[PDB]
Amino acid sequence: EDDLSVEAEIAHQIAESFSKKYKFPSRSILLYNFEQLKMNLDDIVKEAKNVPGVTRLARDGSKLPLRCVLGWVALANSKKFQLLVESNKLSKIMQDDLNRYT
């Protein structure tokens, strides 16, 4: 019941911004979207639930930190993204987005 609501909330927000280009720091700006993952939406949603604080935001119906969620899912799943991204800078950006949204 709770789970269903959390997942629909996350799915709704990711679907709404599926092709929006977010900015990530590169090793050498990396632009990326959810579409580029080439992941099914349910797999993206499952993965997004492990971003600390995201499940709780989704349960409250709050605005998600989507650039952060995308960076995390891409870091965990996309070999290309992992190669291109500056991972330390990414972690700081992800943490700050999370501080701002929670």
# chains A, B, ... in the order shown; residues from 1 in each chain; ligands from 1
$ residues_around --residues "residue 95 of chain A" --least-positions-apart "4" --cutoff "12 Å" --atoms "only C-alpha atoms" --output "JSON, numbers by chain"
{"A": [51, 52, 53, 65, 67, 68, 69, 71, 72, 88, 89, 90, 91, 99, 100, 101, 102]}
$ residues_around --residues "residue 35 of chain A" --least-positions-apart "4" --cutoff "12 Å" --atoms "only C-alpha atoms" --output "PyMOL selection string"
chain A and resi 14-22+31+39-41+44+70+73-74+78
$ residues_around --residues "residue 5 of chain A" --least-positions-apart "2" --cutoff "10 Å" --atoms "only C-alpha atoms" --output "PyMOL selection string"
chain A and resi 1-3+7-11+58-61
$ select_by_dssp --residues "chain A" --states "strand (DSSP E or B)" --output "ChimeraX atom specification"
/A:22-24,26,30-32,85
$ select_by_dssp --residues "segment 1-89 of chain A" --states "helix (DSSP H, G or I)" --output "MDAnalysis selection string"
chainID A and resid 2:16 35:37 41:48 54:59 66:77 79:84 87:89
$ closest_residue --among "A:6, A:64, A:37, A:54" --to "residue 79 of chain A" --atoms "only C-alpha atoms"
A:37
$ closest_residue --among "A:4, A:25, A:55, A:12" --to "residue 93 of chain A" --atoms "only C-alpha atoms"
A:25
$ closest_residue --among "A:85, A:63, A:98, A:92" --to "residue 32 of chain A" --atoms "only C-alpha atoms"
A:85
$ closest_residue --among "A:57, A:76, A:48, A:94" --to "residue 23 of chain A" --atoms "only C-alpha atoms"
A:94
